[PDB]
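Participant: Sending over a structure as structure tokens; questions will come in a sec.
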Amino acid sequence: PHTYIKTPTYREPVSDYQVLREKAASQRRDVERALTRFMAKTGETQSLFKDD
Amino acid sequence: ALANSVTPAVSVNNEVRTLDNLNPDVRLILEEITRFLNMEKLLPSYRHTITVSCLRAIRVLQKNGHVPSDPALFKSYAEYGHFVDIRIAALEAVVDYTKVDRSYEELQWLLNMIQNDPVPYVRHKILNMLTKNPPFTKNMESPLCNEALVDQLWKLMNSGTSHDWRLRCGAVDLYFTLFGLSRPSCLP
């Protein structure tokens, strides 16, 4: 089967709860960090340290 | 819980607390409270509970030697247009700062805010917090034991708080906590 077999294949699915929790957590943390840095850079800003 | 984990930092020769000589533990805590406070600025909570918790945690980090002891952030959160929980958390941080750093101008800022603030509940709360966490007691020798402060607080008991009946009793409590039942000692 190769000369004639023609059975399709699929991509490897990641159904793991641990890595799905990790992916959703890290994507939420990264998008909220990007959003807060963008909003603090394009407006009035404060700083806990001198000129930070 | 993040604020409870903060232990006092090991400053060497009173080294200025800058960003490079930060604790590797406290940098993660500071990143998290910065993320939380900034996200509260865009998606606010029910009664700004995360603002109150993050201001309390920044005061915890300032009480140890981690963040520079600067009251300007809490002085900006204690303005009139903010929610009242943010205001009393920021004013609690300013009262704690003027107790630890013996600040004269912060005590004059707090007494001015007692005299002319629009919300009378905030004035009563500032007198209450300055009674609970006083800048000095009667036993302490402090630089803030002038005749000028005795005259200001006697003028605040006598006049000034004549319109509320709760600010006047709070000023009596503050004068009792600071100078006691007898004649103020730090006086001619």
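Each chain in the structure tokens gets a letter, A, B and so on, in the order shown; residues start at 1 in every chain, and ligands are counted from 1 in the order they appear.
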Tell me which protein, DNA and RNA residues are within 12 Å of residue B:24, counting only C-alpha atoms, leaving out same-chain ones fewer than 6 positions away, and put them as a ChimeraX atom specification.

Facilitator: /B:6,9,30-31,66

Participant: Using only C-alpha atoms, find each residue in chain A having at least one atom no more than 9 Å away from chain B; report its shortest atom-to-atom pair and that distance in Å (one decimal), rows by chain then rising number, as CSV.

Facilitator:
```
residue,atom,partner,partner_atom,distance
A:32,CA,B:39,CA,7.4
A:33,CA,B:35,CA,6.6
A:35,CA,B:39,CA,8.5
A:36,CA,B:38,CA,5.9
A:37,CA,B:38,CA,8.6
A:39,CA,B:38,CA,8.6
A:40,CA,B:38,CA,8.0
A:46,CA,B:73,CA,7.5
A:47,CA,B:73,CA,8.1
A:48,CA,B:67,CA,6.7
A:49,CA,B:68,CA,6.5
A:50,CA,B:18,CA,8.0
A:52,CA,B:19,CA,8.4
```

Participant: Give me the residues near residue B:134 as a PyMOL selection string, where near means some atom within 8 Å (using only C-alpha atoms) and where sequence neighbours in that chain fewer than 6 positions away do not count.

Facilitator: chain B and resi 95+99+177-178

Participant: Rank B:57, B:145, B:156, B:150 by their smallest atom-to-atom distance to residue B:116, using only C-alpha atoms, and report the top residue only.

Facilitator: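 Among B:57, B:145, B:156, B:150, it is B:156 that comes nearest to residue B:116.
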
Participant: Expressed in Å to a single decimal, how great is the separation between atom CA of residue B:102 and atom CA of residue B:135?

Facilitator: 7.0 Å

Participant: Here is a test: counting only C-alpha atoms, which residue of B:100, B:61, B:171, B:119 is nearest to residue B:22?

Facilitator: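 Of the candidates, the smallest distance to residue B:22 is held by B:61.
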
Participant: Just list as JSON, numbers by chain whatever in chain B DSSP marks as helix (DSSP H, G or I).

Facilitator: {"B": [24, 25, 26, 27, 28, 29, 30, 31, 32, 33, 34, 35, 36, 37, 38, 39, 40, 41, 42, 49, 50, 51, 52, 53, 54, 55, 56, 57, 58, 59, 60, 61, 62, 63, 72, 73, 74, 75, 76, 77, 84, 85, 86, 87, 88, 89, 90, 91, 92, 93, 94, 95, 96, 97, 98, 99, 100, 104, 105, 106, 107, 108, 109, 110, 111, 112, 113, 114, 115, 120, 121, 122, 123, 124, 125, 126, 127, 128, 129, 130, 131, 132, 147, 148, 149, 150, 151, 152, 153, 154, 155, 156, 157, 158, 167, 168, 169, 170, 171, 172, 173, 174, 175, 176, 177, 178, 179]}

Participant: Would you compute the distance between atom CA of residue B:93 and atom CA of residue B:56? Give it in Å to one decimal.

Facilitator: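 Computing it gives 7.2 Å between the two atoms.
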
Participant: Skip residue B:125 itself and residues of its chain fewer than 3 positions away, then list as a compact mmCIF listing (two decimals) with N, CA and C atoms, in the first residue's frame all residues within 12 Å of it, counting only C-alpha atoms.

Facilitator:
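Output saved as selection.txt:
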```txt
# COMPACT_ATOMS: atom_id res chain seq x y z
N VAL B 84 -13.57 56.65 47.12
CA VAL B 84 -13.25 56.94 48.51
C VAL B 84 -12.41 55.84 49.16
N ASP B 85 -12.48 54.61 48.64
CA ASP B 85 -11.65 53.54 49.17
C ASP B 85 -10.19 53.72 48.77
N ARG B 87 -8.95 56.63 48.16
CA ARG B 87 -8.53 57.81 48.91
C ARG B 87 -8.10 57.45 50.31
N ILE B 88 -8.86 56.59 50.99
CA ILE B 88 -8.48 56.28 52.37
C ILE B 88 -7.30 55.32 52.42
N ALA B 89 -7.12 54.47 51.40
CA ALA B 89 -5.91 53.64 51.35
C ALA B 89 -4.67 54.48 51.09
N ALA B 90 -4.77 55.45 50.20
CA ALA B 90 -3.64 56.33 49.92
C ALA B 90 -3.33 57.23 51.10
N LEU B 91 -4.35 57.69 51.81
CA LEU B 91 -4.11 58.53 52.98
C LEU B 91 -3.57 57.72 54.14
N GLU B 92 -3.93 56.44 54.23
CA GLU B 92 -3.30 55.56 55.22
C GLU B 92 -1.82 55.37 54.92
N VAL B 95 -0.08 58.62 55.97
CA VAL B 95 0.04 58.70 57.42
C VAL B 95 1.16 57.79 57.92
N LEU B 110 -1.43 66.76 55.45
CA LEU B 110 -2.55 66.05 56.05
C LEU B 110 -3.44 66.98 56.87
N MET B 113 -5.46 68.98 54.53
CA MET B 113 -6.54 68.18 53.98
C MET B 113 -7.64 67.94 55.00
N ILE B 114 -7.30 67.94 56.29
CA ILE B 114 -8.33 67.91 57.33
C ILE B 114 -9.13 69.20 57.32
N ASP B 117 -11.26 69.74 52.86
CA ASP B 117 -11.61 68.68 51.93
C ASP B 117 -13.12 68.71 51.72
N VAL B 119 -15.28 66.14 51.13
CA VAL B 119 -15.95 65.02 51.78
C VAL B 119 -15.62 65.06 53.26
N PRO B 120 -16.61 65.19 54.15
CA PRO B 120 -16.30 65.22 55.59
C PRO B 120 -15.98 63.86 56.18
N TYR B 121 -16.43 62.77 55.54
CA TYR B 121 -16.05 61.44 55.96
C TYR B 121 -14.56 61.21 55.79
N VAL B 122 -13.97 61.80 54.75
CA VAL B 122 -12.54 61.67 54.53
C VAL B 122 -11.76 62.45 55.58
N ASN B 128 -8.90 60.09 62.24
CA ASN B 128 -8.92 58.76 62.84
C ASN B 128 -7.63 58.00 62.61
N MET B 129 -7.11 58.03 61.37
CA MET B 129 -5.87 57.32 61.06
C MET B 129 -4.67 58.00 61.69
N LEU B 130 -4.72 59.31 61.85
CA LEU B 130 -3.62 60.01 62.48
C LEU B 130 -3.68 59.89 63.99
N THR B 131 -4.82 59.47 64.54
CA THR B 131 -4.90 59.09 65.94
C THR B 131 -4.42 57.65 66.16
N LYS B 132 -4.79 56.73 65.26
CA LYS B 132 -4.41 55.33 65.43
C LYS B 132 -2.92 55.13 65.20
N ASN B 133 -2.35 55.79 64.19
CA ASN B 133 -0.94 55.68 63.84
C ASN B 133 -0.32 57.07 63.97
N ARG B 166 -17.81 66.04 64.92
CA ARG B 166 -17.08 64.80 64.82
C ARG B 166 -15.64 65.04 64.46
N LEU B 167 -15.38 66.13 63.73
CA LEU B 167 -14.03 66.59 63.53
C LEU B 167 -13.48 67.23 64.79
N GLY B 170 -12.54 64.41 67.04
CA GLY B 170 -11.35 63.79 66.48
C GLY B 170 -10.10 64.63 66.69
N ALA B 171 -10.24 65.95 66.67
CA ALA B 171 -9.11 66.82 66.98
C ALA B 171 -8.75 66.76 68.46
```

Participant: Between atom CA of residue B:127 and atom CA of residue B:168, what distance in Å does the model show, to one decimal?

Facilitator: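 Between atom CA of residue B:127 and atom CA of residue B:168 the gap is 9.7 Å.
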